[PDB]
């Protein structure tokens, strides 16, 4: 209809969600909030991107508002969610892309002056429900006031896992994501914030860096029958964007590799994963997915079967752009369902 969107935290995800939203005819961005940047600064970070190129349209400001392609967007600079007048901007759905309000109690604070619902741009730290478009978004209810769009990796893996589990049955699986660098990593060796994850504090540009991830386990929440049947981990490597899922799983039913390819192709061509999952049989590398909108691109030639029940599947994802498009689509999906 028109999804009336607001964005909290104008970072990689906030700015790309903004761009995706601007591209859609059925979503409008009515407000932005980020206290670590002025208007001139926002204009700059929106104009230029080291990965996704120049903003496709003129960006400026006037009378305290951001002006993008003729449209005015209201701007706030509040540290604390409760102090953001979203209702006065007419915002309904909030993209919560700061990375630090990942509980219901915290995200709730956005909803006391007129806004309707919050979509977390990360997996929740509590039992907030996660949705992955094309996999379980039909489970959303209009009483789900706070929701999460999961992670980039979960959006890559869940669609592939659904197809394989539905057609052949996954007995058990272990996942690795070889993942692009992110904002929480450091340029040179130093202390990670909170002292959480020491490996993340080591020079990003010159290291392969192991990392924990709940993303495969999270597929167990998206696809309940796989709870306890999937987990995994990550290696962070020196590229600025684009990642790849490497899923090793045992199948319940024997398959030729061509049967798995056909099932993916079928899911990509029509039904709920059209525009979500895709495939390639070409000799692709990660830069080939810069600014690719899909959640998951199955790499036909990269995968390998040991035998007819034990297989290693490969699927690409632009962790930044794919995820940001899914989040906007989830916001729009909720807006339609809510009436």
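Positions refer to the first chain, counted from 1.
**Student:** Going by the mean C-alpha B-factor recorded in the entry, which is higher: 227-235 or 98-106?
**Tutor:** The stretch with the larger mean CA B-factor is 98-106.
**Student:** Highest mean C-alpha temperature factor of the two stretches 12-20 and 313-321, which is it?
**Tutor:** Looking at the record's C-alpha B-factors, the answer is 12-20.
**Student:** In terms of recorded Cα temperature factor, pick the maximum from 39, 276, 45, 302.
**Tutor:** Spelled out: the listed residue with the top C-alpha B-factor is 39.
**Student:** Name the residue from 141, 202, 179, 167 with the greatest C-alpha temperature factor listed in the entry.
**Tutor:** By C-alpha B-factor in the record, 141 ranks first.
**Student:** Please say which third, lowest, middle or highest, residue 280 falls into when its CA temperature factor is compared across its chain.
**Tutor:** It belongs to the lowest third of the chain when residues are ordered by C-alpha B-factor.
**Student:** Pull the Cα B-factor of residue 78 out of the PDB entry and bin it into the chain's lowest, middle or highest third.
**Tutor:** It belongs to the highest third of the chain when residues are ordered by C-alpha B-factor.
**Student:** When the modelled residues of the chain are sorted by Cα temperature factor, does residue 207 land in the lowest, middle or highest third?
**Tutor:** Ranked within chain, residue 207 CA B lands in the lowest tercile.
**Student:** Comparing residue 72 with the other modelled residues of its chain, is its CA B-factor in the lowest, middle or highest third?
**Tutor:** Highest third, going by the recorded CA B-factors of the chain.
**Student:** Splitting the chain's C-alpha B-factors into thirds, which one does residue 114 fall into?
**Tutor:** It falls in the top third of the chain.
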